[PDB]
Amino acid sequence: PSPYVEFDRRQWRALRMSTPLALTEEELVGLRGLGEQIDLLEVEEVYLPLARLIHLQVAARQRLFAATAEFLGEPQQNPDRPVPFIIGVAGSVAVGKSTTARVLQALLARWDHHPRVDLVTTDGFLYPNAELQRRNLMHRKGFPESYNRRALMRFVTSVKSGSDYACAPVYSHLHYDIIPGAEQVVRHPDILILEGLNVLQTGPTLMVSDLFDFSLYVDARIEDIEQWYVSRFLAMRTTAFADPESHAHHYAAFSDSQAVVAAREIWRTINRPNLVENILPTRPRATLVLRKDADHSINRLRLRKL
């Protein structure tokens, strides 16, 4: 055996799983508001049942908190609430982590056992571009050393310790840099989804993933992800890169052919080695691995056996 239960997409459809808390047409169409990539068949057939499987784990942890509190006679030392349930979402630049995380957020928010579902990306913990510069790490942006790991650990520890106030910095995805002074405040959510390139990375002592209750790694063939990466880079020329304030503004005027060259070379020298060296080795650590085919649909699900 392996430590995973495995389904391909045909097997998954053949489970004929039931939606209890089922969405209407208008609620599903509402989800097209989450991002350009949203496919309602992926949502309904894959993500809805995944959300229910995760919900079972969250509810189980809430009930175990209550059973343990009552066993102990609810001492003053013991918190009154279960701490937040934290879900990591890992995977390559451009594999679809953020869309997946946003779908899970919107679906998990639908249960009254846990209506407060916050989503924090670890991009917020990247050093600013000027600070990467001063640290000699611009060429390694997205590698584990390009993050303030101390800050990231402090933030997740605060949340997992049950604090009522924890603050994270914020990255501008349009300017490709940290927003000075900006913060996202998290206040003992029911679930925290933590998304980013370093979330399952291991470390010599406590690592951030020691605070997770569940993690998902979004997977695909390296060459398919390269394609999605080049496509996204070309698409940014007239959107994100168009703003003269963007750190990537210099890219806005590249021709299609020049943009493919620039994107493939960023992939070749930064994102691909980061994936091979740092991200792909963490794939077996995740509770759930979802593989996407070339067309972005999930073709394989591997769930750790309970």
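We number the residues from 1 along the sequence you see.
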Stretch with the higher entry mean CA B-factor, where the candidates are 162-170 and 113-121: 162-170
Stretch exceeding the other in mean C-alpha B-factor - 44-52, 60-68: 60-68
Residue with maximal Cα B-factor (values as given in the PDB entry) among 98, 209, 92, 77: 77
Third of the chain, ranked by Cα B-factor, where residue 285 sits: lowest
Residue 266 by Cα B-factor - lowest, middle or highest third of the modelled chain: middle
Record-listed C-alpha B factor of residue 181: chain third: highest
Third of the chain's Cα B-factor distribution that residue 132 belongs to, per the entry: highest
Residue 108 CA temperature factor, ranked by third within the chain: lowest
